[PDB]
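Heads up: the structure comes next, in structure tokens.
So that the names make sense, note that chain A is the first sequence line, chain B the second, and so on, each numbered from 1.
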Number of protein chains: 12
Amino acid sequence: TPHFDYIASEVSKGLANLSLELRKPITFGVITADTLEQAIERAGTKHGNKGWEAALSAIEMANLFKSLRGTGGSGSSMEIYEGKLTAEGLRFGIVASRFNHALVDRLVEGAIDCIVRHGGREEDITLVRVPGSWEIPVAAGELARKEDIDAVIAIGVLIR
Amino acid sequence: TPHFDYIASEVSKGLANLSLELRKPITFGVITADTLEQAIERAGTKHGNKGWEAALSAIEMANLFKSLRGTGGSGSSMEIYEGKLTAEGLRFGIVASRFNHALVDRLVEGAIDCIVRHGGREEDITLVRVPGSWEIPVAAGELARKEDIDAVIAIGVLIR
Amino acid sequence: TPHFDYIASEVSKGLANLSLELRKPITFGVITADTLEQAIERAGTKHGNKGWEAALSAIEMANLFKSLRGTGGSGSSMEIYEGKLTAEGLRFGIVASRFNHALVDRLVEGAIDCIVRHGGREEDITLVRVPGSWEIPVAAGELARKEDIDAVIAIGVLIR
Amino acid sequence: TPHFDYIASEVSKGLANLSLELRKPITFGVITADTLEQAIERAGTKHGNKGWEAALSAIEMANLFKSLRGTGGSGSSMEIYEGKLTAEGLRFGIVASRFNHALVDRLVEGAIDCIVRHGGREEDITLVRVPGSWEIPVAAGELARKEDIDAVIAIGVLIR
Amino acid sequence: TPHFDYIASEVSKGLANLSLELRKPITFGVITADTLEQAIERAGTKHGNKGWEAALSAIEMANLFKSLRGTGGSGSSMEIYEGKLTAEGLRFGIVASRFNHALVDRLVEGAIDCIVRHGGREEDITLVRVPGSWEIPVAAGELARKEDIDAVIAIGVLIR
Amino acid sequence: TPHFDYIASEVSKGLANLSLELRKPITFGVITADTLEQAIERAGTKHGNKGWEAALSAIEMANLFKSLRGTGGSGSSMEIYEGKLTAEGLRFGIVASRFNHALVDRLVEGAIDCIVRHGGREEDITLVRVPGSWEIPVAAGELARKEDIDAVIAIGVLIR
Amino acid sequence: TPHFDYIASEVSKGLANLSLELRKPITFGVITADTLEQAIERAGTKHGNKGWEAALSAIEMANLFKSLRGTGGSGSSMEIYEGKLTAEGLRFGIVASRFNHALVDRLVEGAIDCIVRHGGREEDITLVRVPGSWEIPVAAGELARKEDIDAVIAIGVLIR
Amino acid sequence: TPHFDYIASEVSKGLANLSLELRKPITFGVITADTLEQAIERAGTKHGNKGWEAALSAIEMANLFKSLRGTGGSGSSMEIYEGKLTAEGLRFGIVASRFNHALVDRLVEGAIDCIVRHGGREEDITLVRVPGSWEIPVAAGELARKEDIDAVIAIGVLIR
Amino acid sequence: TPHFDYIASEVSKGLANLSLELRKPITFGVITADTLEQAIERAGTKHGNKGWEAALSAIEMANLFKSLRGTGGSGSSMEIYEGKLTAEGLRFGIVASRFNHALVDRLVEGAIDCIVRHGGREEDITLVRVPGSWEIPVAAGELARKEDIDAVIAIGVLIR
Amino acid sequence: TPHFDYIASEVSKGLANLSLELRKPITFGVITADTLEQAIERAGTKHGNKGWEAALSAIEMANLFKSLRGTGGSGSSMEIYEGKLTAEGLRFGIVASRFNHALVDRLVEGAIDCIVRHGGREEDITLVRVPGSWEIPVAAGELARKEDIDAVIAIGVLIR
Amino acid sequence: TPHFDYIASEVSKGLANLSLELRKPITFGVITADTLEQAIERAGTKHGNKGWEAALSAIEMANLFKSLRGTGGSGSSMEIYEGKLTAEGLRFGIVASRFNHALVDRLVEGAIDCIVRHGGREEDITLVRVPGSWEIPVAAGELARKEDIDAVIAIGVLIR
Amino acid sequence: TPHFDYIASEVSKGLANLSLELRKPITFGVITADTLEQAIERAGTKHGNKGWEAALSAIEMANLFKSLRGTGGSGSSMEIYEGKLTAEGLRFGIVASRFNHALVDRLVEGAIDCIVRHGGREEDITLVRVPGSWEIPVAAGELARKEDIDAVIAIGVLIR
């Protein structure tokens with residue numbers, strides 16, 4: 001049914017505009033699959049875990065923004081900016097939906113595992129749960145406005 | 001005819017932007033079906049009632065936002081935010097269209113039934129009717145700006 | 001040709017955003033047909049007149065907004081807001097395109113007929129003509145900003 | 001390739017939003033064809049010249065806006081606003097792309113021919129050239145902000 | 001999978017809006033291919049290098065904007081504005097993604113080669129790397145706000 | 001039936017010879033279609049209005065003949081003669097048939113609209129109606145012989 | 001559509017009768033093609049330029065008529081009359097239509113090139129432009145009646 | 001017909017031998033297409049302009065030869081020779097054929113545009129025209145022997 | 001049989017090298033057809049006369065070379081060299097083969113006709129006949145070395 | 001096998017260049033057939049003898065060159081040079097290969113028969129035999145450099 | 001397209017003649033493939049690296065020529081000349097094109113790797129870059145004429 | 001692949017030109033086969049040995065050239081020149097490639113066997129080895145210039 005298309009378009013558009021308005025990194029960890037088999041593939045099976053990948057992107061972006069707003073350094077040569085993959089000292093927020101929870105809970109486990117084994121603390125993670133993917137952008141807007149949050153990770157599953 | 005696509009795109013886009021601008025929950029209770037049979041399925045028959053589901057999402061989001069803006073509590077561990085399913089003390093607004101009223105009136109009945117049996121009062125419900133789905137976003141904007149409204153529910157039916 | 005899609009997307013999007021920004025009703029009276037036969041059907045023939053329907057929606061919305069911004073009344077029960085279908089005292093603006101004028105002039109006749117027989121005056125109607133559908137949103141923006149206009153009706157014909 | 005779709009969507013969307021923000025007429029003179037033969041048809045051959053048509057729309061819109069912001073006149077009857085097709089005293093800007101220049105230069109010739117034979121002067125035309133269609137909206141934004149420009153004409157060719 | 005469409009739509013839309021808001025040139029150097037073979041074709045092989053083309057567009061736009069904001073000159077004739085292809089004295093920023101790095105690094109080489117052989121210095125190039133195409137718009141927003149950057153080049157590869 | 005061919009041949013031949021004998025411009029505004037759908041296309045719909053086009057040709061020819069019979073001017077270079085598109089001061093005659101009046105009246109409206117918006121007066125238009133296309137040439141001969149008529153426009157519809 | 005046949009028949013017939021009545025050479029430089037590809041072939045491509053050929057015929061005919069009306073000479077043998085291909089001292093008029101101008105302007109360039117490189121002057125060429133092929137015969141009649149014109153060249157493009 | 005093969009073989013062979021004998025750069029800007037559509041593609045349309053590309057090659061080769069015959073410099077490392085893309089101070093000759101002039105004139109425009117916008121002067125360009133591609137090599141031999149010419153550009157169109 | 005290919009390759013190659021060695025124009029007037037019908041087409045019938053075309057090329061090249069070796073003139077602008085089509089004062093040589101003489105004699109007639117009617121004298125034409133196409137290059141070498149010959153025309157017919 | 005092509009190309013090319021370098025006639029009497037039957041046809045059977053034809057060409061060319069280098073004569077009219085078919089006083093050389101000698105010896109007989117019956121002497125014929133067609137050009141070079149040889153005849157047979 | 005054939009023929013022919021004229025080794029390291037897949041196969045993948053092979057041939061030829069021009073030695077037996085594969089003391093030049101640089105840079109790496117690991121120095125390698133394969137022969141001619149160069153390596157990629 | 005054609009064309013062309021320039025016999029002993037089976041057939045199997053055949057041709061040519069440059073003798077009759085098949089006193093050079101050495105070494109054995117059994121000495125044979133067929137012509141040029149070499153034999157194998 002066409003119900004799939006309109007929800008997917010608005011969730012992706014909402015998160016993108018929000019990141020530019022607040023000038024803070026927000027990572028897209030939402031699965032958009034045509035079949036149930038395709039979704040299981042990406043939820044901790046032969047095609048990996050999308051929750052793990054989204055967390056890794058957030059860590060890099062947080063370090064990159066710390067570098068851009070610093071001194072930068074270097075001189076007499078091309079300046080190159082890049083982000084490390086160390087999570088020590090960073091604080092993260094996660095927004096997850098409850099629909100298709102059999103798959104979503106696998107993605108949330110991956111995101112937490114990535115942060116901890118790269119040097120982060122569970123005490124620095126804030127987790128917010130919403131009833132559906134439609135409510136992710138408005139909930140993400142509340143976390144992104146907090147001063148002590150470095151990046152936000154959005155997780156959900158949509159099946160056509 | 002392509003008339004279906006343009007109306008559906010603008011209604012979904014309008015409600016999404018409105019929720020982010022006013023920072024208030026708005027739930028998507030609009031059916032978008034390809035055939036008449038598919039619409040009857042979701043209007044109180046073998047595939048459930050979409051009006052009931054939209055009301056349940058609104059109740060949860062209202063409680064969640066009450067929790068985020070409070071003290072929060074907890075410490076020395078991962079903070080988790082979630083919303084209960086009790087409607088005592090909450091105030092709701094509903095916007096419904098008149099086209100395909102044979103189906104829409106079934107969705108409005110479900111939304112009211114959900115609120116009352118979860119502990120709400122009919123005195124706390126405000127209902128606004130508009131001639132069509134195109135007029136839902138502008139009407140929803142008037143309710144969302146009232147200080148004594150906690151969440152808004154949008155209901156409509158579109159058939160290709 | 002794909003020329004049809006881009007014009008249709010921008011006209012619908014422009015009018016929708018304009019209504020939310022100015023918080024005034026704007027009705028969508030634009031035909032979007034795949035064949036010439038489908039267009040004649042909706043221009044005063046076996047499938048009705050879209051110009052008549054758009055005017056009827058404008059009258060209802062104007063009365064509804066008068067009711068929301070008033071006292072409202074009622075008490076100890078569910079508040080219900082709805083609009084009458086009387087046009088006495090209301091002032092309307094119309095924006096119409098010149099392309100496919102053989103069909104557009106039938107839609108403009110229907111809109112004027114609806115307003116007059118529901119109790120309106122021709123003296124209270126302002127009509128603006130533009131060369132094409134692409135120019136409708138910018139022209140509609142000038143009328144919507146006038147203080148003595150209650151609603152705007154947009155009329156046009158697009159054929160793939 | 002899908003490269004065609006994304007460029008076409010952004011160019012049309014950019015020009016539409018720009019016209020509403022600055023409240024000035026901007027005309028869409030961009031060809032969007034599926035085949036090379038379809039493009040030659042509309043570049044000064046059996047299906048006319050799109051550059052000529054875009055210039056004619058600009059002249060009408062400029063006169064219409066002069067009329068709306070004037071006294072208006074009339075009374076005791078329905079007010080009708082329309083634009084003449086005389087270009088005496090008007091000042092125009094043109095933005096043209098360089099890709100597919102074998103066709104684009106035919107469209108620019110048509111636009112200049114239309115303005116001159118309707119009573120305009122070549123001294124009142126400002127022409128800006130950009131490397132591609134993607135750069136049209138940003139260049140059009142510089143011309144539209146000048147106080148002595150009445151309307152802007154955008155010209156380009158895209159082939160799937 | 002539909003994952004390709006939503007990412008491509010948001011990246012193109014984000015860059016377009018950013019250029020209009022900041023009124024600075026931003027060039028679209030992102031490949032959007034249906035097959036791996038189509039991508040290799042445009043990454044330094046029989047169909048050229050898209051990184052080279054994007055850099056050439058940036059140089060022209062930078063010179064054009066220098067000309068518009070200057071005196072302009074000329075008189076008693078049609079004013080024509082155009083940009084040279086000399087890069088002496090200009091300063092450029094580049095944002096590149098890490099996904100499909102086997103192809104992306106070919107595009108970055110082309111962009112640097114174009115700038116140097118047209119008269120630019122490597123000391124005037126700032127390069128920022130991001131984990132994926134989704135993060136390009138937010139990173140591009142940081143460079144575009146610097147006062148000593150004349151234009152920004154965005155590079156990435158997406159394969160359906 | 002072959003009835004279509006003989007009428008069409010004689011009407012076109014009659015008007016052509018008449019223009020050469022009297023040395024005055026006469027424009028061919030007669031539709032010759034194979035199907036009813038083809039005729040509606042050219043009578044104010046997706047393929048334009050033939051009545052508008054015929055009037056535009058008459059205006060140009062009238063100005064051109066005023067220029068040829070004047071001084072001409074210029075020297076030491078190639079002489080070029082062309083006609084403007086201003087209708088101020090010109091006087092026009094129109095001959096229209098009554099068969100297929102549902103379509104013919106759309107063409108007559110277009111011709112009058114073109115003349116007025118290019119600067120002409122309705123007081124300077126003479127309209128003659130004949131029962132059929134066969135009678136157009138003899139009626140056109142009476143108007144063309146008047147001293148105060150600058151050009152004649154012939155309008156009709158023939159369907160095989 | 002049969003519209004092509006009637007216009008083509010009248011234009012060819014008009015020019016032929018005009019040449020016999022005034023006893024002056026008139027050359028037929030009008031393309032009559034069934035497809036767009038056939039027209040491009042004869043407008044300066046693999047099948048030559050019809051504008052060049054028409055000018056060459058005019059030069060020969062002008063010299064031939066100068067020879068017939070002279071002494072003739074010769075005796076006691078068969079008299080043979082023929083025309084040279086030198087354009088020194090001759091004066092030419094050209095009538096060209098504006099429809100399908102993308103092709104017509106190529107034919108006019110060829111005609112001027114032929115005259116100049118055979119020894120003629122641009123100062124001796126008079127160029128008249130008309131809105132369409134239907135108006136060519138009446139315009140050609142004005143030039144042919146001038147005493148200082150030796151031959152007339154008619155140029156146009158018609159596509160079925 | 002086999003006429004295409006023999007002309008193409010001799011033109012390419014002639015230019016190649018000439019460049020080696022005189023030890024001066026000569027660039028191959030001749031289109032060799034199987035169909036008319038393929039030729040239009042490369043004459044300023046979706047596949048670019050071959051005249052522009054040939055001029056760019058000439059500029060690079062001229063700078064490279066200036067570098068080889070100079071000091072060279074560098075030491076204790078691999079010597080690398082390359083040419084810049086600045087045209088300041090260079091002098092160019094162009095040889096163009098007249099057959100298929102509708103396409104050839106587009107290629108000549110591109111070559112001149114490239115030279116001027118890279119810093120060259122029109123005063124430093126010498127243009128020679130020949131009746132056909134067969135005559136290009138002998139004409140190119142006269143320009144290449146002049147002492148004040150740095151490179152030669154050959155332009156033509158051949159269609160099988 | 002393959003006999004056709006080897007003769008055609010050597011005749012074309014021989015004439016091309018000869019023109020470069022002696023630096024004198026030589027024109028290729030040899031028909032290379034696959035069928036007898038194709039040859040008759042080009043020997044004075046619906047596809048013209050190749051002997052006429054070859055003579056016209058020789059006249060232009062002779063005038064061009066007279067211009068290059070002269071003063072040239074012009075200044076402060078782009079120098080353009082081109083050849084007139086006047087044959088007064090020029091001297092020509094012709095080499096023709098005897099095989100397929102039924103067709104060759106038609107080509108020789110055309111070449112002589114072209115020269116005389118453009119202003120040349122028959123007294124200035126030298127005609128040499130050889131038994132076959134294989135012997136054309138060696139015979140052409142004797143004429144090209146004479147000081148009082150301006151250009152050479154080669155004529156022959158080969159059929160596969 | 002492709003062995004046939006390379007030998008045939010080099011033998012024909014070698015003889016052609018040799019004739020131009022030494023400025024002496026050399027005739028091509030080599031059969032190039034696809035099948036054995038085709039070769040027997042041309043070796044003294046229903047399609048004639050190629051050895052006879054090559055000798056006849058040599059006789060004509062020898063007389064022609066005697067005429068060109070003489071006085072020439074004639075005046076006040078077109079000069080025509082041609083060769084007789086008398087062999088009295090001429091001296092000839094023949095180079096023949098040994099491969100396929102069953103056919104080659106028939107060709108050598110024909111060449112000698114032609115010379116004798118046209119008035120030549122066997123005492124004036126020099127015959128050189130080589131092992132194969134590849135060795136013909138080098139052997140022909142030794143004969144052509146002798147002062148008392150007027151023309152050379154090359155004979156061989158190649159079968160694919 | 002046939003463009004591939006003519007470029008390939010001239011590049012191979014140019015290098016071959018150059019080696020014989022200067023009597024110095026030149027190696028053919030140019031890939032000529034029908035498909036992109038075939039080219040990747042030979043650019044450092046399952047079918048090896050053509051750049052490595054060309055360098056190995058150059059080393060052997062350089063040693064062989066050193067041996068031929070020396071004493072030679074040996075006696076009373078068959079003399080055999082052969083080249084070692086040691087690169088100590090030799091000096092090499094490389095000419096490489098820029099088109100299809102994604103593949104060409106792999107070939108240049110292989111050539112340098114071969115020379116160094118066989119005992120050569122990077123200080124003894126001269127590298128020249130040209131815009132395309134057409135320019136390789138003229139650039140190779142400049143290196144081959146230097147006294148301190150032992151062999152030249154030509155590298156390029158052409159794809160049909 | 002087309003790689004086969006270009007190498008084969010240049011090797012055959014190089015050897016042919018070399019023989020004419022130095023006026024010394026050079027024999028073509030290179031196999032050009034389409035399949036591996038065809039090559040084994042000609043390398044000492046059912047279709048003979050090409051190395052043996054090439055040596056036999058060299059012996060004959062060496063004796064023939066000794067006869068031409070001698071007295072010649074004979075008189076009062078047709079002079080006939082031919083070569084014996086005795087190798088006593090003659091000196092030979094051989095150039096062989098290393099690619100496909102499994103087959104090439106069979107051809108070299110045949111060439112040596114032919115010379116010895118016809119009366120030659122192994123002491124009079126000089127053998128030069130090159131890495132590939134491309135290097136044969138340049139190596140053959142060094143041997144052919146030695147005064148004490150009577151003929152050269154070229155051996156190689158190419159497989160499509």
Side-chain angles (χ1 to χ4, degrees), chain H residues 8-30 54 57-58 60-62 64-69 81 83 93 95 136-147 149-154, chain I residues 13-14 16-23, chain J residues 13 17 21, chain K residues 6-30 93-97 128-146 149 151-156 158, chain L residues 6 9-10 13-14 16-18 21 134 137-138 141:
Chain H
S9 301
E10 284 331 292
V11 173
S12 60
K13 201 194 82 76
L15 294 174
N17 297 165
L18 205 53
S19 185
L20 267 54
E21 186 185 16
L22 299 176
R23 299 170 68 188
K24 190 168 287 186
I26 303 184
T27 48
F28 192 70
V30 178
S57 299
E60 198 207 293
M61 286 293 286
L64 173 63
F65 272 45
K66 281 191 296 180
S67 183
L68 283 163
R69 296 170 181 172
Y81 289 107
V95 182
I136 289 172
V138 71
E142 292 308 323
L143 285 184
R145 283 182 171 91
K146 295 188 174 185
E147 264 282 333
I149 293 291
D150 276 303
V152 176
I153 303 153
Chain I
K13 201 194 82 76
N17 297 165
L18 205 53
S19 185
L20 267 54
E21 186 185 16
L22 299 176
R23 298 170 68 188
Chain J
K13 201 194 82 76
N17 297 165
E21 186 185 16
Chain K
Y6 301 116
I7 311 276
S9 301
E10 284 331 292
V11 173
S12 60
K13 201 194 82 76
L15 294 174
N17 297 165
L18 205 53
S19 185
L20 267 54
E21 186 185 16
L22 299 176
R23 299 170 68 188
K24 190 168 287 186
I26 303 184
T27 48
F28 192 70
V30 178
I94 306 176
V95 183
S97 71
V128 173
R129 319 225 47 171
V130 296
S133 296
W134 179 266
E135 295 85 357
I136 289 172
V138 71
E142 292 307 323
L143 285 184
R145 283 182 172 91
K146 295 188 174 185
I149 293 291
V152 176
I153 303 153
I155 301 184
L158 292 162
Chain L
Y6 301 116
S9 301
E10 284 331 292
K13 201 194 82 76
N17 297 165
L18 205 53
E21 186 185 16
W134 179 266
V138 71

For this session: Would you confirm whether K/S97, through its side chain, and K/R129, through its main-chain N or O, come within 3.5 Å as a donor-acceptor pair?
Result: no
Seminar exercise, completed: Heavy-atom closest pair (H/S12 atom, H/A8 atom, distance to 0.1 Å) is OG-O, 3.1 Å
For this session: Identify the heavy atoms of K/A154 and K/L15 that sit nearest to each other, and give their distance.
Result: CB-CD1, 3.9 Å
Exercise. If we only count heavy atoms from C-beta on, is the H/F65 to H/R23 side-chain gap below 4.5 Å?
Worked result: no
Problem set entry | Shortest non-hydrogen contact between H/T27 and H/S57, atoms and distance | CG2-CB, 3.9 Å
For this session: Quick one: closest heavy-atom pair of K/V95 and K/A140, and the distance?
Result: CG2-CA, 4.1 Å
Exercise. Counting N and O atoms only, with roles assigned by atom type, does the side chain of K/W134 sit under 3.5 Å from a partner on the main chain of K/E10, one being a donor and the other an acceptor?
Worked result: no
Exercise. Is the side chain of K/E142 donor-acceptor paired with the backbone N or O of K/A139 at a distance under 3.5 Å, no angle test?
Worked result: no
Problem set entry | Interatomic distance, K/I94 atom CD1 to K/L143 atom CG [nearest 0.5 angstrom] | 10.0 Å
Problem set entry | Within-4.5 Å side-chain heavy-atom neighbours: H/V30 and K/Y6 | no
Exercise. K/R145 versus K/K24: any side-chain heavy-atom pair under 4.5 Å?
Worked result: no
Exercise. Hey, what do you get for CD1 (K/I155) to OG (K/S133), rounding to the nearest 0.5 Å?
Worked result: 11.0 Å
Problem set entry | Residue pair I/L20 / H/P137, side-chain heavy-atom distance below 4.5 Å | yes
Problem set entry | Shortest non-hydrogen contact between H/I153 and H/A58, atoms and distance | CG1-CB, 4.0 Å
For this session: Could you tell me whether the side chain of H/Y81 reaches within less than 4.5 Å of the side chain of H/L64, counting heavy atoms only?
Result: yes
Exercise. For the side chain of J/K13 and the backbone of L/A16, is there at least one donor-acceptor N/O pair under 3.5 Å apart?
Worked result: no
